[PDB]
């Protein structure tokens, strides 16, 4: 017998606390579906008044700042921190916690993959530039040697035809 | 007020069929839990015999075959199939559908990024091979020319010493 | 008597003609031999350079030089007393017509043949210069002996 | 009479000495001039090759050739009547002592003086040939004068 809070606004549900309500996931789904539609700067403003000493507040801070376009150092920091959250958690919220953990995991995996792709691209460009400049130097050397050969043959022909 | 079924028993979530639990999301949180916590081969075996045209049946099929290293093409095909059938999603069940679609689509994006990185690497290797062979050809041309120059100078020295 | 004086005058005039023609022929022979050796050296240089570079223009230059040397050789047969070595030079020059070689260098038989050709051309110039001394000393000795014979045998 | 024997002895001595020395000097002069032109051409070739292909060994070979040419030029001054031309050749040769050129080819004034050097050497060989012919013709004219003296004595 668990009540439903989805039809009502997400502001008061996000604001309320308590162990009596914390035994239900439905309001967790309400919060996650409200957070993405929220303004990320407003999400940061509302999450700044939160703390990290308890698992619930850190969890909702993770929801609030996850959808926002953030650099992945602090994303890695929070996904390494939420082990403390996992240390204390009832069974009801374990599934949604697991799904959020997978979501963050593939998020940071994609970020690491794209950074690896950029690194490989820049390394390939650098090695291509180096090989191209080496090729240019060796081509100039060949031009010099073939010019020397042509000039030498020309002087031989000129002295031959002088007679 | 929705009935609570906190214990996870995946053996009968197909038998319940969701005719009366369509308003209680914890049913599909149980489904995703029993899907990701079980060995995917039995999930695929049971999903083979499930219905495809029904929206709930197709949804549960997607969850149960979402794993076991399935190829990205049919993955994007099936998520687009649920998007075509996304008109029957209940309002209470909407958030879990949204988060599942976000996860799946981001998985497809990660796979596409991996493919793009592999393709860029293979063009880079091909271009490196081409430039290396071109450099080898120009280097052998240069050493041939310098051999000709050295031979010319040597015959000049020999004829000078002949006198 | 006056017949002796007339004979002496005619012999002296003929001797003058002989001296002039001998001088001219000897000078032209020396010049021809020197040009011969120089053309042989240029032949060697052109052969080696064409073999190294593989240029048909060098081949044409070598052909022109070979024709010039052939003319020069043809214009020198009648001076050298012997014919075997001159004919050897003619055969060597004719056989050195094609330019066959590998890996930037004449083939070993061609290389040895070219060497021997250079040595034989040196022998040509030496032998013709020996003939030059021979002709000069012949003129000298014959004029001296004729003068002494006429002076001593006409003391009366 | 004793006059005939005395004049015969003088004729023998003078004619023999003149014939021998004229032949030898003419041959030496012709050979020296020909070798002069040949080593001048080799000089020019070595200069151009060193300028195109920078190498100290080519420079050393050029130094050796220049020293040989200077020696051979020092032994030809006493034949040509006009010392000015020989001195000009010496000055040009000493001007060609240094090898200097910025581009592939030689310096422009170096090229001009090289062409002047070649033309002057050609004129030198021509003048030496003319002087040799003059000496031969002088021997011919002197012996013709001796023959004319014999003919005048034939009157008795």
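Ideal geometry is used to build each Cβ from the backbone, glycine not excepted, and the neighbour counts take in all protein chains shown. Nothing in this text is a laboratory measurement; each read-out follows from the coordinates by a stated rule.
Can you tell me which of A:9, A:47, A:35, A:3 is in contact (Cβ under 8 Å) with a residue 12 or more places away in the chain and surrounded by fewer than 17 Cβ atoms within 10 Å (Cβ to Cβ)?
After ruling out the rest, the residue left standing is A:3.
Return the residues of the stretch C:1-22 that are within 7 Å of chain D (Cβ to nearest Cβ) and without any contact (Cβ under 8 Å) to a residue 40 or more places away in the chain; say none if nothing qualifies.
C:2, C:5, C:6, C:9, C:12, C:13, C:16, C:20
Mind listing whichever residues of the stretch C:127-156 are under 20 Å from residue C:17 (Cβ atoms) and buried (at least 18 other Cβ atoms within 10 Å of the Cβ)?
Of everything in the stretch C:127-156, those that are under 20 Å from residue C:17 (Cβ atoms) and buried (at least 18 other Cβ atoms within 10 Å of the Cβ) turn out to be C:132, C:136, C:139, C:140, C:143, C:144, C:147, C:150.
Based on this model, can you work out whether residue A:64 counts as in contact (Cβ under 8 Å) with a residue 24 or more places away in the chain, surrounded by 16 or more Cβ atoms within 10 Å (Cβ to Cβ) and within 14 Å of chain B (Cβ to nearest Cβ)?
no
Hey, among the residues in the stretch A:94-106 that are without any contact (Cβ under 8 Å) to a residue 40 or more places away in the chain and over 30 Å from residue B:116 (Cα atoms), which one's nearest to the other protein chains (Cβ to nearest Cβ)?
The residue in question is A:94.
Looking at the structure I just gave you, is residue A:58 surrounded by 12 or more Cβ atoms within 10 Å (Cβ to Cβ) and either in contact with a strand residue (DSSP E or B) (Cβ under 7 Å, 6 or more places away or on another chain) or under 20 Å from residue A:22 (Cβ atoms) (or both)?
yes
Are any residues in the stretch D:129-156 in contact with a helix residue (DSSP H, G or I) (Cβ under 8 Å, 6 or more places away or on another chain) and more than 11 Å from every other protein chain (Cβ to nearest Cβ), and if so, which ones?
D:131
Sort out for me the helices (runs of 4 or more DSSP H) sitting completely within the stretch A:1-69 that have 2 or more residues that are over 19 Å from residue A:89 (Cβ atoms). Before you say what the answer is, go through the steps one by one.
Working: elements: A:10-15, A:26-37, A:40-48, A:55-66.
Once the helices (runs of 4 or more DSSP H) in the stretch A:1-69 are filtered for at least 2 residues that are over 19 Å from residue A:89 (Cβ atoms), what remains is A:10-15, A:26-37, A:40-48.
May I ask you to list the residues in the stretch C:104-117 that are buried (at least 17 other Cβ atoms within 10 Å of the Cβ) and within 12 Å of residue C:44 (Cα to Cα)? If you could, list the steps in order and put the result at the bottom.
In the first step, residues of the stretch C:104-117 are kept if they are buried (at least 17 other Cβ atoms within 10 Å of the Cβ); the result is C:104, C:106, C:110, C:114, C:117.
Once the filter is applied, which keeps residues that are buried (at least 17 other Cβ atoms within 10 Å of the Cβ) and within 12 Å of residue C:44 (Cα to Cα), the stretch C:104-117 yields C:106, C:110, C:114, C:117.
Can we say residue A:79 is under 25 Å from residue B:37 (Cα atoms) and more than 14 Å from every other protein chain (Cβ to nearest Cβ)?
In short, yes.
Going through the stretch B:83-109 one residue at a time, which ones are touching a helix residue (DSSP H, G or I) at 6+ places or on another chain (Cβ under 6 Å) and more than 21 Å from residue A:36 (Cα to Cα)?
B:85, B:88
Only one residue in D:100, D:49, D:87 is without any contact (Cβ under 8 Å) to a residue 24 or more places away in the chain and more than 25 Å from residue A:148 (Cβ to Cβ). Which one?
On inspection, the qualifying residue turns out to be D:87.
Is there a residue being more than 10 Å from chain A (Cβ to nearest Cβ), over 30 Å from residue A:103 (Cβ atoms) and in contact with a helix residue (DSSP H, G or I) (Cβ under 8 Å, 6 or more places away or on another chain) anywhere in the stretch B:143-154?
Yes, the conditions are met somewhere in the stretch B:143-154.
Check whether at least one residue in the stretch A:12-24 is under 24 Å from residue B:108 (Cβ atoms) and in contact (Cβ under 8 Å) with a residue 60 or more places away in the chain, and report yes or no. Write out each step before concluding.
First, the residues of the stretch A:12-24 that are under 24 Å from residue B:108 (Cβ atoms): none.
The answer is no; no qualifying residue exists.
Please go through the stretch A:82-101 and give me each residue that is assigned to a helix (DSSP H, G or I) and farther than 15 Å from residue A:54 by Cβ, ordered by number.
Of everything in the stretch A:82-101, those that are assigned to a helix (DSSP H, G or I) and farther than 15 Å from residue A:54 by Cβ turn out to be A:94, A:95, A:96, A:98, A:99, A:100, A:101.
Residue D:82 passes all but one of (1) within 14 Å of another protein chain (Cβ to nearest Cβ); (2) loosely packed, with under 11 Cβ neighbours inside 10 Å; (3) farther than 30 Å from residue A:146 by Cβ; which number fails?
Failed condition: (1).
Here are A:87, A:109, A:91, A:130: which of them is at the interface with chain B (Cβ under 7 Å from one of its Cβ atoms) and loosely packed, with under 11 Cβ neighbours inside 10 Å?
A:91
Inspect the stretch D:54-70 for any residue being more than 9 Å from chain C (Cβ to nearest Cβ), in contact (Cβ under 8 Å) with a residue 24 or more places away in the chain and within 30 Å of residue C:139 (Cβ to Cβ) and give the result as yes or no.
No, the stretch D:54-70 contains no residue that is more than 9 Å from chain C (Cβ to nearest Cβ), in contact (Cβ under 8 Å) with a residue 24 or more places away in the chain and within 30 Å of residue C:139 (Cβ to Cβ).
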